[PDB]
Amino acid sequence: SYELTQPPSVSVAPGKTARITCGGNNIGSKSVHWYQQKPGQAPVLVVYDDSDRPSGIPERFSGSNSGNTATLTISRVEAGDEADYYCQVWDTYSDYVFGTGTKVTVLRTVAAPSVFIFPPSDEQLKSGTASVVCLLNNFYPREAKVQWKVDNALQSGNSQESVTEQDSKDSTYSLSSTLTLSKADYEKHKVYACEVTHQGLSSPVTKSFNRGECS
Amino acid sequence: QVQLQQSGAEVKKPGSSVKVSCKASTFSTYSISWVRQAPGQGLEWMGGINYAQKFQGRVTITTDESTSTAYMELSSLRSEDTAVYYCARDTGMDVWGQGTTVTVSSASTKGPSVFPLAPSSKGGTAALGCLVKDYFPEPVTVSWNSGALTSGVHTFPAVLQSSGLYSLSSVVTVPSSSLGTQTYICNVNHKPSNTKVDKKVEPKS
Ligand SMILES: [Cl-]
Ligand SMILES: [Cl-]
């Protein structure tokens, strides 16, 4: 078969120029197509046959392709161009092949997350479950580790998390981590602790409560 | 001005098969390709009327010139088939359908429970929210104070739990002095179960 390689993400300052590469063997001999996908929308063809844009696609988007690398260039990146970008080719033997996609990230200064811990509500506890929530608010860049601790036991596999997209005003992320425990297990331990590591904190920040004390 | 209109969203049991349709607005000159995207994953070519050997067998792709409609049947569905299914016209692919959500699950329709995430008892800014927990299928909408409160709101993307049910949190940052004076209400809608809830979120004693 035939494979297309792309970097996971590119970071560019507003007004500055983003370059997204698409690796492939003799990709120089193929017509490379580029698709922009904003979140919860269909992909949009921005660059076809290496360097051609359709009507209504800004001047800012241009393409280039030779040897084993083709390049989508996005000049004067505004917040609006935060998207996934997919290269794609028609192989004689593999039909249509997509690259893995590159996320375009707007670059801003480092911001430390503000950290909040929420105990299970009394309402949830009555219904036989406990969710403990850890909120990391308005941080940059995206990379963050949350380690959960219960009576100093490090929690592994029993948590899930999701991240918003870059805010279009301040360019930050927020992340929520939910620790799931049975009500019987929540009531066996006292100290519930969320530990946050990020480039913006010189040492990691712990938010804790003790079960059934004003938190 | 060709446009491709896809058939509605579908919840499918493991083992079953789904037929997705794609109606054009002279489609006898172009080829239609089917492309899928699992949630958070890349675009992946399926086939056109030619099958990707990852799906040779399980996929059936047909066209009816008479009604300029393209069809895609995917059989013996697994969770891993959960995806948006797009149709596109080949040139490159220039015209895209809006996409068909296929959710492969054993779960039954269920409205969420809405739990408060009460603002910490201990100037500056306090965080508070709603946990919207154990619903099927997607989506739910959340707003704050019937749309009056948008500043500092974050509604996280839903997460599928091991139980096969979704949950999500909505949070807002507010001034600490507004606690007990300002009423903070999250508005939760889950249309598939006809569950509507306005939940008051309040400091614990
Ligand atoms: Cl910085
Ligand atoms: Cl769990």
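Residues numbered from 1 in each chain as written, not as in the entry; some residues may be left out. Chains lettered and ligands numbered in written order. Heavy atoms only, no water. Residues with missing side-chain atoms left out of burial classes, pairs and counts.

As recorded in the entry header, the structure was determined using X-ray crystallography to a resolution of 2.3000 Å.

Our next topic: the overall build of chain B. A tally of regular secondary structure across chain B gives zero helices and 18 strands. Taken over C-alpha atoms, the radius of gyration comes to 22 Å for chain B, far larger than the 17 Å a tight globule of 205 residues would show. Taken along its principal axes, the extent of the C-alpha atoms in chain B is 65 × 40 × 30 Å. (Helix = DSSP H or I, 4+ residues; strand = E, 2+ residues; numbered from the N terminus. Rg over C-alpha atoms; globule rule 2.2 N^0.38 Å.)

Another point: the domain arrangement of chain A. All names here are of chain A. Split by domain assignment, chain A resolves into domain 1 (9–106) and domain 2 (114–210). Each of domain 1 and domain 2 has a C-alpha centre, and these two points are 36 Å apart. Facing the seven residues of domain 1 at the interface are six residues of domain 2. Sorting the residues of domain 1 by area buried against domain 2 places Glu82, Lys103 and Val106 first, and these three jointly supply 60% of that buried surface. Linking domain 1 to domain 2 there are one salt bridge. Across the pair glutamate 165 and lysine 103 runs a salt bridge whose closest N-O atoms are separated by 2.6 Å. Across the contact surface, domain 1 and domain 2 share three residue pairs in polar contact. Here the element with the most residues in the side of domain 1 that touches domain 2 is strand 9 (residues 102–106); it accounts for three residues. A per-class count over the side of domain 1 that touches domain 2 returns three nonpolar, two polar and two charged. (Domains from an automatic or database assignment. Contact = heavy atoms within 4.5 Å. Buried area = accessible area lost by both parts, 1.4 Å probe. Salt bridge = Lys/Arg side-chain N within 4 Å of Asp/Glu carboxyl O. Polar contact = N/O pair within 3.5 Å; in protein donor to acceptor, adjacent residues only side chain to side chain. Nonpolar A, V, L, I, M, F, W, Y, C, P; charged D, E, K, R; others polar.)

The next thing to look at is the domain arrangement of chain B. Structurally, chain B comprises domain 1 (4–104) and domain 2 (113–201). Computed over C-alpha atoms only, the centres of domain 1 of chain B and domain 2 of chain B are separated by 35 Å.

Here we take up the sheet that holds strand 13 (residues 153–154) of chain A. Across the sheet, which stays open at both edges, the four strands sit in the order 13-12-16-17 (chain A) with antiparallel pairing between neighbours. Strands at the two margins of the open sheet, each flanked by one partner only, are strand 13 and strand 17 (205–210) of chain A. (Pairing = 2+ DSSP bridges.)

As a further point, take the pairing of strand 9 of chain A. All names here are of chain A. Among the five residues that make up strand 9, four are buried, leaving the element largely enclosed by the rest of the structure. When strand 1 (residues 9–12) meets strand 9, the two strands line up parallel, connected through four bridges. Bridge pairing links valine 10 to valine 104 in strand 9. With two bridges joining them, strand 7 (residues 84–91) and strand 9 adopt antiparallel strand pairing. Paired with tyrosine 85 across the two strands is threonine 102, which belongs to strand 9. (Buried < 20%, exposed > 50% of the residue type's maximum accessible area, 1.4 Å probe, protein only.)

Note that side chains of opposite charge can pair when their charged atoms are close. One pass over the full model with this rule turns up 14 salt bridges over all chains. Connected through salt bridges with shared partners, the residues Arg36(B), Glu44(B), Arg58(B) and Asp81(B) form a single ionic network.

A few words now on the sheet that holds strand 7 (residues 69–74) of chain B. Residues and elements named next belong to chain B. Ordered by their spatial adjacency, four strands build an open sheet running 1-3-7-6, and the pairing between neighbours is antiparallel. The sheet is open, and its two borders are formed by strand 1 (4–6) and strand 6 (59–64), each paired with just one other strand. In this sheet, adjacent strand axes meet at a mean angle of 20 degrees when their direction is disregarded. (Axes fitted to C-alpha atoms, helices over the stretch in contact; angles between N-to-C directions.)

Okay, the state of the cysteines next. Under the counting rule described, the total for this entry stands at four disulfides over all chains. Here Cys22(A) is linked by a disulfide to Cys87(A), with a sulfur-sulfur distance of 2.1 Å. Its torsion about the S-S bond being 75 degrees, the disulfide of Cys22(A) and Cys87(A) is classed as right-handed. Residue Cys22(A) is located in strand 2 (residues 18–23), and its partner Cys87(A) is located in strand 7; the two are separated by 65 residues in the primary sequence. On the basis of relative accessibility, which here comes to 0%, the residue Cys22(A) falls in the buried class. Each sulfur in the disulfide pair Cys22(B) and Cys87(B) lies 2.0 Å from the other. Across the disulfide from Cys22(B) to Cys87(B), rotation about the S-S bond amounts to roughly 75 degrees, and the bridge is consequently right-handed. Look at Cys22(B) and you get buried, because its relative accessible area is 2%. Look at chain B and number its bonded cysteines as they come in the sequence; the links are 1-2, 3-4. (Disulfide = S-S within 2.5 Å.)

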